[PDB]
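The chain below stands alone and is given in structure tokens; this is the form deposited in one PDB entry.
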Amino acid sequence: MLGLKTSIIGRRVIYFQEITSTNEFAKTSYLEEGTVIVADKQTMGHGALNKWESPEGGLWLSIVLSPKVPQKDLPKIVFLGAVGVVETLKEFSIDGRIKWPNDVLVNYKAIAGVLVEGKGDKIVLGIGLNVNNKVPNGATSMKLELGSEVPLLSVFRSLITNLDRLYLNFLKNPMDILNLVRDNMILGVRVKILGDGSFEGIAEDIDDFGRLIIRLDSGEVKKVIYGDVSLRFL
């Protein structure tokens, strides 16, 4: 009854009033490619590192993918989610910018996060977007940005449509997404990579593998992988 006209993403949609995590369900359940798992609320939502607040009002969903692309391209699925969110936000007159590698900010406030996990040769693309829900201190939502409630289903429709388009092109031209990320991410600013061997520098660009290129004050250039990176804006 939803009348979705997408090719792959959204062929099937499993909706939950409540769920532990859409990502966990998508990983542990046999689902055909393109199946979307979405819930009004998550009781155990999570993302990069070890919680992702998922109260009623937001868009919490996961997409099952099994892309038949070269091994080295598989890691770029996270960018499809980030760019899809940016495109949807623009449709609603909101300017979102990507905080490499998986977050979307509006005026430097977090409005969405992407988490990609796997199970077998299935890839699960998880996306959390604050719409009308309460958000953690320092974060924002479409409602807070627009000053009014936003029809949640309309956001879902927009995002699924954008993701389907990005995914279909990714299957044929897997390098294209990097250009979209580059033109929509925060660059030219100082950042600090946390953890062992922590360092600071200017976030210059992302390379052909989606690695963040940082120029340290000494002139040294380091390439950061986005598997489970911890980054801070200075």
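Basically, rigid core = biggest C-alpha set you can superpose within 1.5 Å across the two forms. Residues carry their position along the shown sequence, with the first being 1.
One more form of this protein exists, namely the form deposited in another entry; it is left out here, but the text below deals with it.
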ask   = Of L194, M175, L168, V189, which one has a Cα that moves 2 Å or more between this form and the one not shown once the core is lined up?
value = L194
query = Any chance the CA of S218 moves 2 angstroms or more between this form and the one not shown, core superposed?
reply = yes
query = Is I8 one of the residues whose C-alpha moves 2 Å or more between this form and the one not shown after the core fit?
reply = no
